[PDB]
Each structure stands twice: as structure tokens, then as C-alpha cells.
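Trainee: Quick one, structure for this:
(chains A and B)
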Protein chains: 2
Amino acid sequence: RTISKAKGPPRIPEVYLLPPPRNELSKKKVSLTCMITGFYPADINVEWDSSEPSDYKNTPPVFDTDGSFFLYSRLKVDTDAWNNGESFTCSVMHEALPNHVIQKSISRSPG
Amino acid sequence: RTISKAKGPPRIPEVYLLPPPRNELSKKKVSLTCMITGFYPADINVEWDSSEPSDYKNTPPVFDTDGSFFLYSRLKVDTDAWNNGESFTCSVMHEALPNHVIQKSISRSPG
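Mentor: Numbers count the residues shown, from 1 in each chain, chains lettered A, B, ... in the order given. The coordinates are given below.
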């Protein structure tokens, strides 16, 4: 269970952030993500933290023209229990040829 | 082809933004989204603008425990052709019971 490739499994070298911006709420609906994308071959996995509270679920490959691949994964807590509750992290390991990366944080928020 | 429901198709009333934050690049990989979520029944659609340049593709239902439903859709141009090129918009219409919404913009970016 292995191959090599085409257009390109292995090369498109980057990591992402999308933190609680300019958007007016009360504790309850708005959440954010981690994005890792333009990469074949057909498999890579995403974990965030290692533990899961309520909502950490994966946004499935979306591959773009040239796009070679697109992954997006998200996290929420729910609202009014942010600061210390999970001051938070995202991890990626995409085998097909190993790259194990970590990038973390947040700034702003529900305020 | 119609029903009513359960936990709740129709109620979870909000819209989203996630604009080019605190993340250092050169023109080429990092893009953002529109998020509309906690809503049954089994169908709603997303268009952004009405025209499509390169990459506007839909991130598929992800439904959370309570989650009643989650949709995410994205847009890119590619890089170094932002300002006027597409100063940009997101639209939602989710039938099952009609709600037609529009919210738009961006601020920061690749800088």
C-alpha cells in the first residue's frame, strides 16, 4: 500500500491559521480551524491537541484544479470558556512521506 | 421531496467570516472561507459572488453531536491580485425553509 506520483503528492509546503476575527456574537456559535493543503498522495491525518472536547472534526479533502490537495480541520469548545480552558493546538502528520508539524495559538476571540 | 423534523433542521440562526490574519507568506498558498452552520434538514446551498474564478468550492456537511448542521465554503484567487481583482462576497440560501442571506468583505491580507 504505497506509490509515488503524478502532478504531485509530496510538494506544496505550508500550514495555517484562522482566528476569531471581527465578528460580533454572544457565547455560542462561531468557531475556527487549521488548514493543511495542496498535497497528494491520497492520505494524511490531522489531530488537534491529542484530546477531543466536544467538537474536533476534520473537513474532508477538497482538491483544486491544480490544487494537489486540500485539508481543513476545526475546533470549538462552545463559548464562554476560552482562555485557560484550552489555550489550544494543531498537529499534522501526513505520511506518504513523513512531515510532522506543529503550529499553535489564538489571540482575539468572542471579544 | 420534503419533511419537517427532529432535533432541528430549521433553527440555528447565524453567518461567518475568517479573513487573512497574522500569517506570513509571499503570494501563493493561504486562503479563506464563509461558514454557515447548525441546520438541518438535509440540504442548503452556497454560492459566492455568482462567478467562480479558479477556486470556489464548498466544504461538505460536518454535523456535530448537537451540531444540527455544519457547512463551510471557500475562496481563493491565488495571490498578488487581491484589492480590485475581486473585493469579494458570500451568499447563502438554504431551502427546507428559505433564508436568503448576504454578508461581505475582507480587511487585511497577504500583508
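Trainee: Could you verify my assumption that residue A:89 touches residue A:49?
Mentor: Yes - with contacts defined as Cβ atoms under 8 Å, residue A:89 counts as touching residue A:49 at a distance of 5.4 Å. Bear in mind the C-beta positions are built from the backbone N, C-alpha and C, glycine included.
Trainee: could you measure the residue of chain A found nearest chain B against residue B:32, distance?
Mentor: Nearest residue of chain A to chain B (Cβ to the nearest Cβ) works out as residue A:18 at 4.3 Å. Per Cβ to Cβ, to the nearest Å, residue A:18 is found 7 Å from residue B:32.
Trainee: more crowded one of these two?
Mentor: residue A:18 (23 against 20; other Cβ atoms under 10 Å in any protein chain shown).
Trainee: Who are the contact partners of that one?
Mentor: Each residue near residue A:18 by Cβ atoms under 8 Å, 6 or more residues apart in numbering or on different chains is listed here: A:32, A:33, A:35, B:18, B:21, B:32, B:33.
Trainee: Next: residue A:102.
Mentor: Taking Cβ under 8 Å, 6+ apart as the contact definition, residue A:102 lies against A:89, A:90, A:91, A:92.
Trainee: Just confirm the third one is within a strand.
Mentor: What it means is residue A:91. Yes - using DSSP: H, G, I helix; E, B strand; the rest coil, the secondary structure at residue A:91 is a strand.
Trainee: Residue A:23 is in contact with residue A:30, isn't it?
Mentor: Yes - proximity of residue A:23 to residue A:30 meets the contact threshold set by Cβ under 8 Å, at 6.1 Å.
Trainee: okay, and the common contacts of the two?
Mentor: residue B:16.
Trainee: Which one of these two is surrounded by more residues?
Mentor: Ranked by neighbour count (other Cβ under 10 Å), residue A:23 and residue A:30 place residue A:30 first, with 22 against 16.
Trainee: is it fair to say that one lies in a strand?
Mentor: No - looking at residue A:30 with three-state DSSP, it is coil, so not inside a strand.
Trainee: Now do the contacts for the closest residue to residue A:82 other than its chain neighbours.
Mentor: Distances taken as Cβ to Cβ, 6 or more residues apart in numbering or on different chains place residue A:109 nearest to residue A:82, at 5.8 Å, with adjacent residues excluded. Residues near residue A:109 by Cβ under 8 Å, 6+ apart: A:19, A:20, A:82.
Trainee: Pipe the contacts of residue A:102 into CSV and attach distance to chain B and neighbour count per row.
Mentor: Shown next, in CSV, are those (distance: Cβ to the nearest Cβ, whole Å; neighbours: other Cβ atoms under 10 Å in any protein chain shown):
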residue, distance to chain B, neighbour count
A:89, 16, 16
A:90, 13, 24
A:91, 17, 18
A:92, 14, 22
